[PDB]
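Residue-level structural notes
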Amino acid sequence: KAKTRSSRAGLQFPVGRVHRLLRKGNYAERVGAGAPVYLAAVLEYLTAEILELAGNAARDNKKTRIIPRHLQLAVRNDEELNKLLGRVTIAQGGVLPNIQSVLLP
Amino acid sequence: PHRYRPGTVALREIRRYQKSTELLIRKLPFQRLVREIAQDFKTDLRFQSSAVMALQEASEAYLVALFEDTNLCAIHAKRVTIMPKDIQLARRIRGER
Amino acid sequence: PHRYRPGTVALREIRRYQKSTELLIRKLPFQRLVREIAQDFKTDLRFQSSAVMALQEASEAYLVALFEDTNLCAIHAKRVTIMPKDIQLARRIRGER
Amino acid sequence: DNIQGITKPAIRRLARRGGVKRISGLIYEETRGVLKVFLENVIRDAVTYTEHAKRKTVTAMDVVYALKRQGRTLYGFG
Amino acid sequence: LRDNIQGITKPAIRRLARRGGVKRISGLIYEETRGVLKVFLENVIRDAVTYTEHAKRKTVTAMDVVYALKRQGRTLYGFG
Amino acid sequence: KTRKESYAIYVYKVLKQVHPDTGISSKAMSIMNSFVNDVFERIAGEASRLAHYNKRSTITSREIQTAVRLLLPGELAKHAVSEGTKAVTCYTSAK
Amino acid sequence: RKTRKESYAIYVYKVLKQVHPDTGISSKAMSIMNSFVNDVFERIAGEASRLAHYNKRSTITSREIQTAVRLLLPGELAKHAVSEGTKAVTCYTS
DNA sequence: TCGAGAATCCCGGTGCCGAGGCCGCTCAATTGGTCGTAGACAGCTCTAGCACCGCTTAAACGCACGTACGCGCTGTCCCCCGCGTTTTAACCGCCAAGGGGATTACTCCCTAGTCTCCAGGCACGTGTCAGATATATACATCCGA
DNA sequence: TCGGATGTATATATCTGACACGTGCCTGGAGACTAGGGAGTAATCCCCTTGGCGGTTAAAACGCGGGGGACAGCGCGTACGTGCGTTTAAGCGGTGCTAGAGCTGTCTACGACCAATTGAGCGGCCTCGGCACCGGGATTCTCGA
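Structure report, in brief.

With that out of the way, let us pick up the protein's contact with DNA strand I. The immediate surroundings of DNA strand I are formed by 57 residues, with B:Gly7, C:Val80, E:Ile25, F:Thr58 and G:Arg1 found nearest. In the environment of DNA strand I, a phosphate oxygen lies 3.2 Å from a nitrogen or oxygen atom belonging to the side chain of B:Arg32. Between G:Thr3 and DNA strand I, the recorded distance is 3.5 Å, taken from a backbone N or O atom to a phosphate oxygen. Taken together, the elements giving at least two residues each to the surface near DNA strand I come down to α2 (16–24) of chain A, α1 (8–19) and α2 (27–38) of chain B, β1 (46–47) of chain C, α1 (8–18) of chain D, β1 (24–25) of chain E, β1 (23–24) of chain F together with α1 (9–19) of chain G. The leading source of residues in the surface near DNA strand I is α1(B), at 4 residues.

Turning our eyes to something else, we now look at the arrangement of the chains. Note that chain C does not reach chain E: the shortest distance linking a C-alpha of one to a C-alpha of the other is 14 Å. In this structure chain C stays clear of chain F, and the shortest span between their C-alpha atoms is 13 Å.

So, on to the packing of aromatic side chains. Within a pair of aromatic rings, the relevant descriptors are the distance that separates the centres and the angle that separates the planes. Here the structure, examined in full by the defined rule, presents 10 aromatic pairs over all chains. Ring centres of D:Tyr49 and D:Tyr65 lie 6.1 Å apart, and the angle between their planes is 55 degrees; this geometry places the pair in the tilted category. Of this pair, D:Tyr49 sits in helix α2 (residues 27–52) while D:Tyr65 sits in helix α3 (residues 60–70), placing them 16 residues apart in sequence. Residues D:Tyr49 and D:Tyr65 agree in their burial class; the two are buried. Ring plane angle 55 degrees and centroid distance 6.2 Å describe the contact between E:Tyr51 and E:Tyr67, whose orientation is recorded as tilted. Taken together, the positions of E:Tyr51 in helix α2 (residues 29–54) and E:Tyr67 in helix α3 (residues 62–72) put the pair 16 residues apart, joining distant regions of the chain. Each member of the pair, E:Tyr51 as well as E:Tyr67, is classed as buried. What links up through ring pairs into an aromatic cluster is the set A:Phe13, F:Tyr7 and F:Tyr10.

Basis of the calculations
Residues numbered from 1 in each chain as written, not as in the entry; some residues may be left out. Chains lettered and ligands numbered in written order. Part of a larger assembly, values for the part shown. Heavy atoms only, no water. Near = heavy atom within 4 Å. Polar contact = N/O pair within 3.5 Å; in protein donor to acceptor, adjacent residues only side chain to side chain. Helix = DSSP H or I, 4+ residues; strand = E, 2+ residues; numbered from the N terminus. Contact = heavy atoms within 4.5 Å. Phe/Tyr/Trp six-rings, centres within 6.5 Å; stacked < 30°, edge-to-face > 60°. Buried < 20%, exposed > 50% of the residue type's maximum accessible area, 1.4 Å probe, protein only.

Below, the structure is given as C-alpha cells:
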C-alpha cells in the first residue's frame, strides 16, 4: 500500500522531507498540504535548468563530467540566473574572458 | 637581441590567467597572516584547514572584483595605468568608505 | 546693467536647496505618472494618498544620491560639467547595470 | 506622455540639492529613463502584495514592504 | 609578530590584477592593496571568532567562516 | 557512524534525465547541495513574512506561489508557476 | 469606538521627559521613533533565532541576545549596550 | 584698491490649530500552583591539528636599459548660464456620489496528534576507466630589414 | 612584405585514484483514525476615494547675448615594462603526540499551561501657547569702476 507522495505528484525530489523541514524550522504554526508539493516542483525545475546549461559547456570543452568551472560559465552566461545568483561566490570557478577594447593594439 | 614590445607579454598573461582556475597567493604566508590577525581577538585559537581555504577563496574573489571596477574608473579618466585614487573612487561609490 | 558672473547664482541655489526640506517635484504630474505606469499591471487600481507620498519621498531620495555619485565621477575626470556617461559609470560600479 | 511632466526645472532642483554646479543637455532624457526603471520595479511588488491580500486599493504599507524588499527601508509612513 | 602583511608579495598582486584584466600598474597600488585586504580580513575574522565563542569551542570550523561571510552579504557555495 | 542528510541522489537523478551520458564530481555536487538549501530557505522565509503580514497562521500553496513571483525574475517565474501548478493538479486528481 | 492600535508613543515620551525635561515632540517624529524601535527589535530577534537554530537548541536565552547585540551593533555602542542589559538583569533578579 | 546694490538676517506683532492633559472603560498582565522534558554535567574514545626534519627546485629578488605614457601648456569655438516677457496649468476651496474596507456572526472541514509497520536511504566495501602528465610536432603571430 | 623565432594547440601513451555500483540495516515516512479550532462566506455601514468647477497666481516656456569651459594638438622627461643571473623559502613526504571534538547516561530545575482579578493603557474631548506668517530695517557680499 505504501506509495510515496513524490510518485503520486510525479516528481523526483522528496515531498516528505520538504514537509518535515517546513514543520521543523519555525516558519509558521500550521503547514498546509500543497505547500511541499509546490515547493518540490519549483526546486526540481531550478535544478534541471542549471544542470541543462552546465552539461552543454561540459560538451563544449569536450568532457564527460561536470566541474565548478562549467557551473560558473553556465550561470554567468545566462541572463536571469545571473540576476538570481547575483552576489554569490562559487568556489574554484574563475572569471569570464573579458578584455577592454582600448587596451588592445 | 629578441625583445617584445612592451604590452605584449601583459596581454598574453591576461589571457593565461583568465583561462585557469587556481589560487594565486602562496598559502603558508596567507596562513601566517590569518593566524596573526586572529591572535588579537582570542589567544590560542586552533584553525582547521578548510577554514583557511575558505578564507583564501573569499579574499581572492573580493580583490579580483575590486580590480575590475578600478580598471573601469581608470579608463573613464582617459588613462591606462591604474593609480590608487581609482581604488578610492571605486570603494566610495560602492558604499564601503 | 547689473548681471552676476555665471556660477554665483548656481552656488547660492546649492546652499538654498541644501538648507530646506521639501518636495522638489510637482505632485499632480507625479500622481499621473504613477497611475499611468501602474495601469499596465492591473486595470482599475485605486491608490491612497500616503502611498503616492511614500513613492515620491523614495524617488526623490534615490535621484539625489545618484547625482552625488555622478558629481564625484565628473570631478574625477577633471571636469565640472556633468555628462550622461558619468551616470552610466556610477550605475555600473554600484551594481545596477 | 506623462514622463514629460517631470520638467526641466525640477531635475535642475534635484541636481542643486545633490551639489551640482553645471549640467549638460542630455541629462534630462537619461534621468527620465532612470526614474521610470525605478518606479516600475517598485510598483510591481506593491501590486503583487495588493493582489495577494485580495484588495483593490494600494495602501502605504504595501509600498513600505516593497521598498524594504529592495533594501531601502523608509521610516515615517506607518 | 610584525610581518606577514609583507608576505603578500609583489608578483601576487600582479597576478590578481591580470585576472582582473589590467594592463599597466603603478607603484603605490601594492601598499594600498595590502591595506584593503587587511581591513576585509579583520571584519570577517571578528565575526567568525564570535560564533566560535558562542558555540563554546576552541576551533574555528568552516561553517563559522561561511556564516560570517553570509552576514557580510557575500554568500559562498562549496564548503557547507 | 552518524547520519547526515543531503540532496545528492536527487540531483543525480535529474542529471540522468537531462543528460543521460555524463557524470558529476564531488565538488560540483557540494555546490549544487548548497544551491538547493539556499533557494529553499529564501522562498520559505518570504512565505512566512507574507503569512505574518496578513495576520494568518497557515503557509499554503498560495503563499508559496506569491513568494515565487516576488523572488524570481520574469520568464523563470512563469515557468516555475506552471510547473508547480501542474504538480499540485496531478497530486489532487490522483488522491 | 475603533479597534485599538498598540504603539510605543507613551514610553518614548517617558524617556524624553527623563533626558530633556522641557522639550516636546511632534507627530511625524514620534512615528519615525516608533518605526525605529520596531526595526531594531526585528533585527536582534531574527539574529538570535538563527543562532539558536545553528547550535541545535530550542530556547532563546539572554546569552543569544547578548551575542546578537555584539554581532549587530558597531563598536563602543555595543560596548555600552552590553553593560546596560547586564545591569538590568542583575537588578531584576535581586 | 573702494561705492552701488541686491539678497540674507534679525526683530516685532498677530493668530490659529495641534500637542498635552484629563476621564472612563475594557482586556491583557500578574499571581499562584503543577508537570514533563531540555539541557547541564561527568566520563570515555579516537581523530585530526600541531610541531619538526630533510630534500629539491620553482619562484622571488635585484638590476640594467630603453621607450611609451602621463601631464602640463595653448587656442578656439560653442554651448550653457543669467535675465526679461508671455502663457498655462497647478493649487486651493467646494460639492456630491458610491465603492469597498473593516467588522461581526455562524458553521465545517482541514491539520495536529497518536500508534503501528516496513522500505528507502545512508555507511561501508570493491573495481576499473576518465583524466592528468610525459614526448614529438604542425602552425600561428610578432617584430625587423 | 618576407623571414626567423618563440609560443601555443594538437596527437599519442601510461598510470592512478576517485566515481559508480552493490549490501545490510535501521530509523524515518506512510496509513488509518479522532478533536477542535482557523478560515470561508454572507451582511452591514460608513469612510474615504474619485470626479467636477471656478478664480489666483506662481511657475514653466521662450528668446537673446556672451563668456568660460571642453576638447584637440604638441613636448618632454620619467617611471615602468622586459629579460638575466643569484638567492631563498615554499612545497612534499614522513613521524609522533596529544588536546579536544563527539557521543552516552542520569537527573533536576526551569519554562509551558491554566484559572481569577484588577489596574494599566487606548479612545475621546477640550484648550491654550508654539510656531507660521507679514512687515520693516540692518548687514553683507559681489562686481565694475
